[PDB]
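For reference, query06.cif is printed below; it contains mmCIF, C-alpha atoms and all ligand atoms.
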```
data_input
#
loop_
_atom_site.label_atom_id
_atom_site.label_comp_id
_atom_site.auth_asym_id
_atom_site.auth_seq_id
_atom_site.Cartn_x
_atom_site.Cartn_y
_atom_site.Cartn_z
CA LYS A 1 -89.41 -99.02 -16.63
CA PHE A 2 -88.72 -97.44 -20.03
CA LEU A 3 -89.99 -94.30 -18.28
CA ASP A 4 -86.50 -92.83 -17.94
CA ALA A 5 -86.18 -92.61 -21.72
CA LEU A 6 -89.33 -90.45 -21.61
CA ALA A 7 -88.00 -88.11 -18.91
CA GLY A 8 -87.57 -85.41 -21.54
CA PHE A 9 -91.32 -85.19 -21.98
CA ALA A 10 -91.72 -84.65 -18.24
CA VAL A 11 -89.22 -81.82 -18.63
CA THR A 12 -90.92 -80.02 -21.50
CA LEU A 13 -94.42 -80.44 -20.10
CA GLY A 14 -93.25 -79.15 -16.73
CA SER A 15 -91.60 -76.12 -18.26
CA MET A 16 -94.83 -75.23 -20.06
CA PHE A 17 -96.37 -74.59 -16.64
CA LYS A 18 -93.48 -72.77 -15.00
CA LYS A 19 -93.36 -69.11 -15.95
CA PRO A 20 -91.12 -68.07 -18.86
CA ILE A 21 -87.75 -66.68 -17.79
CA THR A 22 -87.01 -64.35 -20.68
CA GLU A 23 -85.83 -60.87 -19.80
CA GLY A 24 -88.35 -58.34 -21.06
CA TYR A 25 -85.95 -56.24 -23.11
CA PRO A 26 -86.50 -53.50 -24.30
CA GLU A 27 -89.73 -52.73 -22.44
CA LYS A 28 -88.23 -54.38 -19.32
CA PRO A 29 -84.46 -54.65 -19.86
CA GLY A 30 -82.52 -57.09 -17.73
CA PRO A 31 -80.12 -56.16 -14.94
CA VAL A 32 -76.60 -56.02 -16.33
CA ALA A 33 -73.85 -56.66 -13.83
CA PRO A 34 -72.53 -53.61 -11.95
CA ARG A 35 -69.05 -54.42 -13.28
CA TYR A 36 -70.14 -54.62 -16.92
CA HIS A 37 -67.86 -53.14 -19.58
CA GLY A 38 -70.35 -50.71 -21.07
CA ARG A 39 -69.74 -47.58 -23.07
CA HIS A 40 -66.68 -45.63 -21.99
CA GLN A 41 -67.52 -42.37 -20.23
CA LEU A 42 -65.46 -39.23 -19.61
CA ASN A 43 -66.07 -37.88 -16.12
CA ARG A 44 -65.67 -34.55 -14.35
CA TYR A 45 -64.65 -33.29 -10.95
CA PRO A 46 -67.47 -31.88 -8.80
CA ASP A 47 -66.65 -28.34 -9.91
CA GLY A 48 -67.15 -29.49 -13.51
CA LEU A 49 -63.54 -29.65 -14.68
CA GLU A 50 -62.85 -32.53 -17.02
CA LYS A 51 -60.93 -35.31 -15.33
CA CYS A 52 -59.12 -36.36 -18.52
CA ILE A 53 -55.61 -34.95 -18.76
CA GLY A 54 -55.04 -36.16 -22.31
CA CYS A 55 -52.16 -38.43 -21.34
CA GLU A 56 -53.21 -41.01 -23.98
CA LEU A 57 -52.48 -43.83 -21.54
CA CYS A 58 -55.95 -45.24 -22.19
CA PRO B 1 -32.90 -16.49 -24.92
CA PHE B 2 -31.03 -19.76 -25.32
CA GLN B 3 -30.16 -18.70 -28.86
CA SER B 4 -28.15 -21.54 -30.37
CA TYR B 5 -28.42 -23.08 -33.81
CA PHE B 6 -28.13 -26.46 -32.04
CA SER B 7 -30.66 -25.88 -29.25
CA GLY B 8 -32.87 -28.79 -30.23
CA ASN B 9 -30.10 -31.20 -29.31
CA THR B 10 -30.64 -30.29 -25.66
CA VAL B 11 -34.26 -31.41 -25.98
CA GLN B 12 -32.95 -34.69 -27.37
CA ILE B 13 -30.12 -34.88 -24.83
CA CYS B 14 -32.17 -34.33 -21.68
CA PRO B 15 -32.73 -37.68 -19.94
CA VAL B 16 -36.03 -36.33 -18.60
CA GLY B 17 -38.89 -34.07 -19.60
CA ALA B 18 -37.14 -30.99 -18.25
CA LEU B 19 -36.33 -29.66 -21.73
CA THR B 20 -39.12 -30.14 -24.24
CA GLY B 21 -39.74 -28.81 -27.71
CA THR B 22 -42.48 -26.21 -27.68
CA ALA B 23 -43.45 -27.23 -31.22
CA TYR B 24 -43.82 -30.87 -30.18
CA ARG B 25 -45.46 -30.09 -26.84
CA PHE B 26 -48.37 -32.42 -26.06
CA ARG B 27 -48.52 -33.48 -29.72
CA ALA B 28 -48.18 -37.22 -29.15
CA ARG B 29 -46.84 -40.13 -27.14
CA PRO B 30 -44.21 -42.57 -28.42
CA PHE B 31 -46.77 -45.23 -29.29
CA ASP B 32 -48.67 -42.76 -31.49
CA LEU B 33 -45.66 -42.00 -33.69
CA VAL B 34 -44.76 -43.53 -37.01
CA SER B 35 -40.97 -43.27 -36.88
CA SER B 36 -38.72 -43.53 -39.93
CA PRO B 37 -35.04 -42.93 -40.71
CA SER B 38 -34.44 -39.93 -42.92
CA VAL B 39 -31.89 -37.40 -44.12
CA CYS B 40 -32.15 -33.66 -43.68
CA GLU B 41 -33.19 -31.68 -46.73
CA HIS B 42 -31.53 -28.44 -45.90
CA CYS B 43 -27.75 -28.39 -46.30
CA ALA B 44 -25.01 -30.62 -47.64
CA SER B 45 -24.27 -32.00 -44.19
CA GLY B 46 -26.65 -34.89 -44.87
CA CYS B 47 -27.31 -35.74 -41.24
CA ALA B 48 -29.08 -38.91 -40.31
CA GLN B 49 -32.39 -37.99 -38.72
CA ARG B 50 -35.48 -39.74 -37.39
CA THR B 51 -38.75 -38.34 -38.68
CA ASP B 52 -41.73 -38.91 -36.39
CA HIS B 53 -45.22 -38.31 -37.73
CA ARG B 54 -48.60 -38.83 -36.11
CA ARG B 55 -51.85 -38.54 -38.04
CA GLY B 56 -49.83 -38.23 -41.24
CA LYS B 57 -48.28 -34.97 -40.00
CA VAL B 58 -44.59 -34.80 -39.14
CA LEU B 59 -44.22 -33.82 -35.49
CA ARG B 60 -40.45 -33.86 -34.97
CA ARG B 61 -37.13 -34.83 -36.50
CA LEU B 62 -34.71 -36.21 -33.94
CA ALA B 63 -30.98 -36.35 -34.58
CA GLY B 64 -30.68 -40.04 -35.25
CA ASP B 65 -27.23 -41.57 -34.94
CA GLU B 66 -24.58 -41.75 -37.68
CA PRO B 67 -21.04 -41.51 -36.27
CA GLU B 68 -19.52 -41.06 -39.73
CA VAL B 69 -21.62 -37.95 -40.44
CA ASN B 70 -23.38 -36.21 -37.57
CA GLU B 71 -22.78 -38.34 -34.49
CA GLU B 72 -26.09 -37.57 -32.75
CA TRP B 73 -26.58 -33.88 -33.51
CA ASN B 74 -28.72 -31.52 -35.60
CA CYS B 75 -29.19 -27.83 -36.10
CA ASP B 76 -32.51 -26.17 -35.42
CA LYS B 77 -33.06 -25.82 -39.17
CA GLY B 78 -32.91 -29.56 -39.75
CA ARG B 79 -34.74 -30.43 -36.55
CA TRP B 80 -37.71 -28.10 -36.92
CA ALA B 81 -37.83 -26.80 -40.51
CA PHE B 82 -40.21 -29.52 -41.69
CA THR B 83 -43.53 -27.64 -41.75
CA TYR B 84 -42.82 -26.05 -45.13
CA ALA B 85 -44.77 -28.77 -46.94
CA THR B 86 -47.97 -28.07 -44.96
CA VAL B 87 -48.18 -24.26 -44.75
CA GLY B 88 -51.11 -24.31 -47.18
CA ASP B 89 -49.16 -23.16 -50.24
CA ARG B 90 -48.44 -26.70 -51.42
CA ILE B 91 -49.33 -27.58 -55.01
CA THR B 92 -51.91 -30.36 -54.64
CA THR B 93 -52.77 -31.03 -58.29
CA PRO B 94 -51.25 -30.25 -61.68
CA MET B 95 -51.98 -26.65 -62.61
CA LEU B 96 -52.40 -25.18 -66.09
CA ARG B 97 -52.31 -21.62 -67.35
CA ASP B 98 -55.55 -20.67 -69.11
CA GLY B 99 -56.75 -17.17 -69.85
CA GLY B 100 -53.77 -16.01 -67.82
CA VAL B 101 -55.12 -17.72 -64.67
CA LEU B 102 -53.57 -20.79 -63.06
CA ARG B 103 -56.27 -23.48 -62.85
CA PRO B 104 -56.31 -26.99 -61.34
CA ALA B 105 -55.93 -29.62 -64.04
CA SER B 106 -55.80 -33.37 -64.47
CA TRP B 107 -52.54 -35.24 -64.86
CA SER B 108 -53.56 -36.39 -68.34
CA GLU B 109 -54.36 -32.90 -69.61
CA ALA B 110 -51.35 -31.36 -67.87
CA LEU B 111 -48.93 -33.88 -69.37
CA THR B 112 -50.55 -33.43 -72.77
CA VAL B 113 -49.97 -29.68 -72.64
CA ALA B 114 -46.46 -29.91 -71.21
CA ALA B 115 -45.42 -32.41 -73.87
CA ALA B 116 -46.94 -30.22 -76.59
CA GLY B 117 -45.04 -27.17 -75.39
CA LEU B 118 -41.73 -28.95 -74.89
CA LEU B 119 -41.90 -30.60 -78.31
CA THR B 120 -42.75 -27.25 -79.89
CA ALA B 121 -39.71 -25.66 -78.20
CA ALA B 122 -37.51 -28.66 -79.16
CA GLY B 123 -33.84 -27.85 -78.40
CA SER B 124 -34.60 -24.22 -77.55
CA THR B 125 -35.09 -25.14 -73.88
CA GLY B 126 -33.17 -24.95 -70.64
CA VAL B 127 -33.68 -26.96 -67.46
CA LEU B 128 -33.05 -25.26 -64.11
CA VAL B 129 -32.72 -28.17 -61.69
CA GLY B 130 -32.37 -26.21 -58.45
CA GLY B 131 -30.66 -27.56 -55.34
CA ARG B 132 -33.65 -29.19 -53.59
CA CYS B 133 -33.41 -32.48 -55.49
CA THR B 134 -32.40 -35.99 -54.56
CA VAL B 135 -29.60 -37.51 -56.59
CA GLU B 136 -32.23 -39.46 -58.53
CA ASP B 137 -34.26 -36.30 -59.18
CA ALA B 138 -31.21 -34.44 -60.45
CA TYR B 139 -30.29 -37.41 -62.62
CA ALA B 140 -33.78 -37.47 -64.11
CA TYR B 141 -33.68 -33.73 -64.77
CA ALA B 142 -30.31 -34.06 -66.49
CA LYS B 143 -31.28 -37.10 -68.56
CA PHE B 144 -34.54 -35.40 -69.49
CA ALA B 145 -32.63 -32.35 -70.68
CA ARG B 146 -30.12 -34.43 -72.63
CA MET B 147 -32.54 -36.67 -74.51
CA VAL B 148 -36.12 -35.46 -74.16
CA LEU B 149 -35.03 -31.91 -75.02
CA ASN B 150 -31.73 -32.60 -76.87
CA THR B 151 -30.11 -29.73 -74.96
CA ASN B 152 -27.20 -29.20 -72.59
CA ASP B 153 -28.65 -26.11 -70.86
CA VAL B 154 -28.79 -27.77 -67.44
CA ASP B 155 -27.83 -26.05 -64.20
CA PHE B 156 -28.76 -26.93 -60.64
CA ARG B 157 -27.29 -23.60 -59.51
CA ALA B 158 -30.24 -21.52 -58.30
CA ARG B 159 -27.85 -19.08 -56.67
CA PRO B 160 -24.89 -16.82 -57.37
CA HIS B 161 -22.54 -18.83 -59.57
CA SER B 162 -19.99 -18.59 -62.36
CA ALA B 163 -18.48 -20.52 -65.23
CA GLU B 164 -15.30 -20.90 -63.19
CA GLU B 165 -17.47 -22.64 -60.60
CA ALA B 166 -18.67 -25.20 -63.15
CA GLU B 167 -15.10 -25.69 -64.38
CA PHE B 168 -13.81 -26.30 -60.85
CA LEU B 169 -16.66 -28.67 -60.03
CA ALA B 170 -15.91 -30.67 -63.16
CA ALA B 171 -12.17 -30.65 -62.45
CA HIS B 172 -12.05 -31.59 -58.76
CA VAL B 173 -15.51 -32.39 -57.36
CA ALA B 174 -17.55 -34.29 -59.94
CA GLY B 175 -16.89 -38.02 -59.84
CA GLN B 176 -14.57 -37.77 -56.83
CA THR B 177 -16.62 -39.42 -54.11
CA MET B 178 -15.61 -40.03 -50.49
CA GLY B 179 -12.32 -38.14 -50.37
CA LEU B 180 -12.15 -35.79 -47.43
CA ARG B 181 -14.49 -37.14 -44.76
CA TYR B 182 -15.88 -35.83 -41.48
CA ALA B 183 -13.50 -38.16 -39.67
CA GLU B 184 -10.62 -36.56 -41.57
CA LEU B 185 -11.86 -33.10 -40.58
CA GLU B 186 -11.56 -33.98 -36.90
CA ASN B 187 -7.88 -34.88 -37.34
CA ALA B 188 -6.77 -32.30 -39.88
CA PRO B 189 -3.95 -30.35 -38.18
CA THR B 190 -4.86 -27.19 -40.12
CA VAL B 191 -8.21 -26.32 -41.69
CA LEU B 192 -8.57 -23.30 -43.96
CA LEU B 193 -11.98 -21.87 -44.85
CA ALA B 194 -12.51 -19.97 -48.10
CA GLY B 195 -15.91 -18.36 -48.49
CA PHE B 196 -17.36 -20.80 -45.98
CA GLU B 197 -19.08 -20.09 -42.66
CA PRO B 198 -19.49 -23.59 -41.21
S1 LIG C 201 -55.86 -42.27 -19.80
FE1 LIG C 201 -55.31 -40.07 -19.92
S2 LIG C 201 -56.15 -39.39 -21.92
FE2 LIG C 201 -57.15 -41.37 -21.45
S3 LIG C 201 -59.08 -40.78 -20.39
FE3 LIG C 201 -57.53 -41.13 -18.75
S4 LIG C 201 -56.65 -39.07 -18.38
FE4 LIG C 201 -57.75 -38.94 -20.37
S1 LIG C 202 -42.72 -36.92 -15.23
FE1 LIG C 202 -41.79 -36.99 -17.30
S2 LIG C 202 -39.56 -36.75 -16.91
FE2 LIG C 202 -40.50 -37.29 -14.91
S3 LIG C 202 -40.31 -39.55 -14.80
FE3 LIG C 202 -42.36 -39.12 -15.69
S4 LIG C 202 -42.01 -39.17 -17.93
FE4 LIG C 202 -39.96 -38.99 -16.97
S1 LIG C 203 -29.62 -31.30 -39.36
FE1 LIG C 203 -28.85 -29.18 -39.61
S2 LIG C 203 -26.66 -29.43 -40.15
FE2 LIG C 203 -27.63 -31.46 -40.46
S3 LIG C 203 -28.21 -31.46 -42.66
FE3 LIG C 203 -30.03 -30.71 -41.53
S4 LIG C 203 -29.81 -28.45 -41.54
FE4 LIG C 203 -27.78 -29.30 -42.12
#
```

So that I can check it, write out the structure of this file as structure tokens.
Amino acid sequence: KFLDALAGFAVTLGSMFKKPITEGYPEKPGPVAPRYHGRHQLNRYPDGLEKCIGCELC
Amino acid sequence: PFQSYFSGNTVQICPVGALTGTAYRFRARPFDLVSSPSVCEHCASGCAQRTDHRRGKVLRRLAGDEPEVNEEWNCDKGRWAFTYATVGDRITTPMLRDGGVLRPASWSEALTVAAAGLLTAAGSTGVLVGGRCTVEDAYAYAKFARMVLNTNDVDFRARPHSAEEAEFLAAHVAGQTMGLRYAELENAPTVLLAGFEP
């Protein structure tokens, strides 16, 4: 009907009534995956001893 | 104690971590080492060695492998006597005497002063080359004495020595390369040692 060529308008209009999806970083940062490769961290055993043995394998 | 001049070889001969060098302990892993072939600085044996340095600091000097010289062996002196250059007494910059005190100086100023003094002394100069010099270094010292100073007062002997020694070295040693060889030593039926504690 020539309407299909105008489908894009229907898209953009529709989206300007659905709520924006942006993550609210930094006031409301998004949920990064649990598996994410963030900053390396050096950990300790429960008594406080450093886990690292300095083997340089890392 | 173990007490052998060749003890380090055991560290290099052990196929496991049973024998380790206390000096090298926990210093580095193989991937952290810049490794280069080298020759020992210490005696005329001229052993092939492998210098390993991490962080720009030499950490060990393994025996290398040169069947015609040292097979795969060192002495403790060659293997561990490498820290001399980093004991904090090293001369980092040209130094000049002023007011009787030794002061750090530029290369330009230092060379200016050294040239002035050497030209003032002219042929009234002698060059003590010492025994801690590569063949190139000794050659430069000698050539420098011959031309730059127009003198023949050149002697690498920083030790007890004699004129008879220089005469003998001229007669039999100098210019006579690759005569007796380590391989020949191993097969010599009789070896005599004169003033020599191998
Ligand atoms: S690999 Fe070795 S040196 Fe690196 S963090 Fe783990 S224990 Fe420490
Ligand atoms: S513990 Fe040391 S000596 Fe034993 S297998 Fe591992 S690296 Fe080799
Ligand atoms: S490794 Fe030992 S025997 Fe060989 S050149 Fe060095 S000091 Fe001499």

Q: Determine which residues of chain A sit within 9 Å of chain B, taking into account all atoms listed in the file, and present them as a list in words.
A: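 Within 9 Å of chain B on chain A, we get residues 54, 55, 56 and 57 of chain A.
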
Q: Select the residues contacting ligand LIG 202 (chain C) at a distance of at most 9 Å, based on all atoms listed in the file, then format the selection as a VMD selection string.
A: chain B and resid 15 to 18

(Q) Between atom CA of residue 86 of chain B and atom CA of residue 42 of chain B, what distance in Å does the model show, to one decimal? (A) 16.5 Å

Q: Name the residues in contact with segment 106-119 of chain B at a cut-off of 8 Å, using only C-alpha atoms, excluding same-chain residues fewer than 2 positions from it; report them as an MDAnalysis selection string.
A: chainID B and resid 93:96 104 121:122 125 149

Q: Take atom CA of residue 154 of chain B and atom FE3 of ligand LIG 203 (chain C) and report the distance between them in Å, one decimal.
A: 26.1 Å

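Note that the spacing between atom CA of residue 103 of chain B and atom CA of residue 91 of chain B amounts to 11.2 Å.
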
Q: Find the residues near residue 39 of chain B: any atom within 12 Å, counting all atoms listed in the file, skip ones fewer than 4 places away on the same chain, and give them as a ChimeraX atom specification.
A: /B:43-51,61-66,69-70,74,78-79,82,134

Q) Excluding same-chain residues fewer than 5 positions from residue 42 of chain A, what lies within 9 Å of it counting all atoms listed in the file, as a PyMOL selection string? A) chain A and resi 50-52

Q | Nearest to ligand LIG 203 (chain C), chosen from B:76, B:68, B:52, B:98, with only C-alpha atoms and all ligand atoms counted in the distances | A |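 With only C-alpha atoms and all ligand atoms as the atom set, the closest residue is B:76.
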
Q. Of the residues B:152, B:92, B:38, B:20, which is the one nearest to ligand LIG 203 (chain C), using only C-alpha atoms and all ligand atoms?
A.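 Distance minimum relative to ligand LIG 203 (chain C) lands on B:38.
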
Let me have the centre and edge lengths in Å, one decimal, of the box along x, y and z around every listed atom of ligand LIG 203 (chain C) with 3 Å of margin on each side, as JSON.
```
{"center_x": -28.3, "center_y": -30.0, "center_z": -41.0, "size_x": 9.4, "size_y": 9.0, "size_z": 9.3}
```

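If all atoms listed in the file are the atoms counted, then among B:129, B:81, B:14, B:193 the closest residue to ligand LIG 203 (chain C) is B:81.
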
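Considering only C-alpha atoms, the residue among B:8, B:130, B:37, B:123 positioned nearest to residue 147 of chain B is B:123.
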